[PDB]
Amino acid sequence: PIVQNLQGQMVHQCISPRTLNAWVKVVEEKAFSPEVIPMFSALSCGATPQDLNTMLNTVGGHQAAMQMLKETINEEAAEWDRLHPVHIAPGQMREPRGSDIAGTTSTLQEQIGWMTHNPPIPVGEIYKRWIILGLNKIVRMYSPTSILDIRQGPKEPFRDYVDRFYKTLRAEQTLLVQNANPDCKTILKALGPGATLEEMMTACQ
């Protein structure tokens, strides 16, 4: 990553073993549950394209997902190249292409040079947006169940039903009342319209 030292210049620091290990574990434990994406974003704070490639490449399973992600990255890179065509002056900074942003045709020195320029060309932030676009599609694809099949069981506590319902909506990126069991549905119908979630959960407790 690129960090500010104790004296206030932006410098390159090695990715820590703690960071590397945290990412690999979360993917092992959680696969592409939606909460993996904000964890990815937090663990890659200040990342260079080189560091982002490290994090993706260190994943050993889920290789269908990692191929789908490469495809998304190649589409965003090709759209970058459409919007930002490029033409080198000795000693001067060249303009990045899509494949430079994705870290496949650029060196770590060029990446640092772009990211610490005045004004900077935030190649790490741009690449991370492409990656997250790709990861969101994977989360959606790996979602096991439609929101239409989340219905409250006859003996299921309302809180447990709402937890399943919002967990599914999150992964898929009045239905709550419609899919409630007969007993809660009655209670909820009687609350009247524009009830908060707190009020519905209180009523059905």
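Each residue number is its position in the shown sequence, starting from 1.
The deposited sequence places no unmodelled residues between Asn57 and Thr58, so the chain runs continuously there.
In the deposited sequence, the stretch from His87 to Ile88 hides 1 to 3 residues that have no coordinates. For the two regions 174 to 182 and 156 to 164, the entry's Cα B-factors average higher over 174 to 182.
Here 8 to 16 and 21 to 29 are compared by their mean Cα B-factor, and 8 to 16 comes out higher. Per the deposited record, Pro119 carries the highest C-alpha B-factor of all listed residues (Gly103, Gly134, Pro119, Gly124).
Ranked by Cα temperature factor within the chain, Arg97 sits in the middle third according to the deposited record.
Sorting the modelled residues of the chain by their CA temperature factor places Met141 in the highest third. In the deposited entry, the Cα temperature factor of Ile73 places it in the lowest third of its chain's modelled residues.
The deposited CA B-factor of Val36 belongs to the middle third of values across its chain. Sort the modelled residues of the chain by CA B factor and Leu169 lands in the lowest third.
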